[PDB]
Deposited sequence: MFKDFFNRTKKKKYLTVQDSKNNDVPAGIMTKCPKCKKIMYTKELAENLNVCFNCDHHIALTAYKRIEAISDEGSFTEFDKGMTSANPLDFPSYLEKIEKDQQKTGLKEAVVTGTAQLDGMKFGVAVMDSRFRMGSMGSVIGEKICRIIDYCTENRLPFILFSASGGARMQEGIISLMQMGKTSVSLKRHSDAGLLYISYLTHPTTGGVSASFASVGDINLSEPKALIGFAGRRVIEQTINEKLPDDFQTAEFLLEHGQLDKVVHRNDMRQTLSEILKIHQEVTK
């Protein structure tokens, strides 16, 4: 029943920590929030519907030990894949949502994540609903190779169609948001929000070094123009609430 804070190493009683939205009382570090928690933390009680609850991955490139690596994370997490999607309400205002969860294969984006994000984006488009995405990812899933790359295109396509309908897309970048994800849908919100000390970049040092032989923080990205707001999690609900109200189709 105990989760240790990685920053300051002080041990805590999870019950109250969850009620503080996984924010460290002592040092204010923002611990990861699981998909269903995040969703609960922002939606009206009992208003969540989950889309495509049981969509599993497959193996197009026949990558070794890929399907079993997926089980390890399904069994450990409880999730079928690394993104939870569906519709909810917040202070009376409906919206579609896609929370990514970085425990399941570091939140890497393969075919399932692309298809689920598209299916919700495309739903919102029909029903004219704002859409909110919480990115948490290490980039593209290398096990599906080129297909994972094309997910950047697959997503963007639904998103731009959604934008061309005059509909709000809020990009909520959580720690960590990197690679293909940050180079795709995570960067292109009408409004871009993040969280204190969240790590946001493009290519990692291990990739950049082999590919050609605290600046990634959210506060730094806001100075350098790329975020509308750094939102403390105590103001998350209220912040999202007001944004949707301003963008409420009168």
> Quick one: where does the model skip the deposited sequence?
Replying inline: 1-28, 242-246, 284-285
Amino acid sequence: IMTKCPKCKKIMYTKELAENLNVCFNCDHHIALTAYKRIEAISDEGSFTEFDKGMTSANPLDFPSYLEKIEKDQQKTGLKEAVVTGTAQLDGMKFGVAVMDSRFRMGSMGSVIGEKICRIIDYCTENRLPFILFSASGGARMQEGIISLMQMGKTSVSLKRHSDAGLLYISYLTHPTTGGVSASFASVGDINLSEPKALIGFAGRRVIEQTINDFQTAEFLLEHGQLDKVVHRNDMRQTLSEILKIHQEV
From here on, numbers count along this sequence of modelled residues.
>> Mean Cα B factor from the PDB record: higher for 221-229, or higher for 23-31?
In response: 23-31
> Do the C-alpha atoms of 120-128 or of 73-81 have the higher average B factor in the entry?
Replying inline: 73-81
>> Sorting 198, 42, 207, 181 by Cα temperature factor from the record, which one lands on top?
In response: 207
> Within this chain, which third does the Cα B-factor at residue 173 fall in: lowest, middle or highest?
Replying inline: lowest
>> Where does the C-alpha B-factor of residue 144 rank in its chain, lowest, middle or highest third?
In response: highest
> Lowest, middle or highest third: where is residue 105 by Cα B-factor in its chain?
Replying inline: highest
> Going by what the PDB entry lists, where does residue 244 fall on CA B-factor within its chain: lowest, middle or highest third?
Replying inline: lowest
>> Please say which third, lowest, middle or highest, residue 185 falls into when its CA temperature factor is compared across its chain.
In response: lowest
